[PDB]
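So this first bit is one chain, no partners, the form deposited in one PDB entry, shown in structure tokens.
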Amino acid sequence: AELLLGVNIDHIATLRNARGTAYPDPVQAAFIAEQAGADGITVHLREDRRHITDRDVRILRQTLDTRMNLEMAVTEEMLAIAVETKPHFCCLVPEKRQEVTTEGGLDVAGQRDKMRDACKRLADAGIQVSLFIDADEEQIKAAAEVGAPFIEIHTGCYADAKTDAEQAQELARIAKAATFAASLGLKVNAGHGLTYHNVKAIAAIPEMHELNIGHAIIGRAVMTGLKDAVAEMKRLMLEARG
């Protein structure tokens, strides 16, 4: 099967929420992405509704032609929204109310019960769960044990590497983590900080199932337009695999 691309459109909403106006509309962006290389659309419903809103989730759930990947913190509010929304995928992330963006991976190994119940609860509601974690063997083994079918490896450290060596070290760390996760029966994704110049090495990793990318695509889109921004990212991804 081919490498999939999940396009995170949160930042379309962050441009909108800077004013009280309704544009640009994430609902439009999703249609564009889905027709230009996206295999899924991702939204992170933050507790503070900083960008994506309940209104967005609600309409997107009815308009997406592919499937929704709902990113959210593991809280009662979100599990409840998640269960009612029935998104195809749900990606559990850690979240501070005023963090710049998603900081690190979930602390699964240190909250086994909490994650186990959440996975169970989402799974009963027919949602395929993905735990966003660091390329960390302990967290990976834990994710598998709490029952999650997917993990999504945080590519931030790789993305922020300051030197070519630091970068190669993070790459290898991620590739090995991915291999270990698959050996435990997990399906594995990756995301955060992926760009047009750093994505191919990540996409070359065989175990990768889907990459979730947002900011870099939206950043290219304001110059170039979303359609091309997405098509270009999807092109580079398949090139790395061929």
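Only residues modelled in both forms are compared. Under this definition, the rigid core comprises the largest set of C-alpha atoms superposing within 1.5 Å between the forms. Note that residue numbering begins at 1 and tracks the sequence as displayed.
- Modelling of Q98 is missing from a third or more of the other compared entries in which both of its neighbours are modelled.
- The PDB entry records a higher mean C-alpha B factor for 91-99 than for its counterpart among 91-99 and 122-130.
- Two stretches are in play, 147-155 and 106-114, and the higher mean C-alpha B-factor belongs to 106-114.
- Among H215, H197, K187, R49, the highest C-alpha B-factor in the deposited entry belongs to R49.
- Sort the modelled residues of the chain by CA B factor and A240 lands in the middle third.
- Sort the chain's modelled residues by C-alpha temperature factor and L3 lands in the middle third, per the entry.
- Ranked by C-alpha B-factor against the other modelled residues of its chain, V222 falls in the lowest third.
- The PDB entry assigns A231 a C-alpha temperature factor belonging to the lowest third of its chain's modelled residues.
- In the PDB entry, a CA B factor belonging to the lowest third of its chain's modelled residues is recorded for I9.
Note that the form deposited in another entry isn't included here; everything after this is about it.
- Here the rigid core is superposed between this form and the one not shown, and of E99, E77, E138, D107 the C-alpha of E99 is the only one to shift by 2 Å or more.
- Figure legend: C-alpha atoms of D48 and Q98, shown here, are separated by at least 3 angstroms more in that other deposited form.
- A change of 3 Å or more separates the two forms for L92 and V100: their C-alpha atoms lie closer together in that other deposited form.
- Comparing the forms between this form and the one not shown on their core, residues 96-103 form the single run of at least three in a row where every Cα shifts 2 Å or more.
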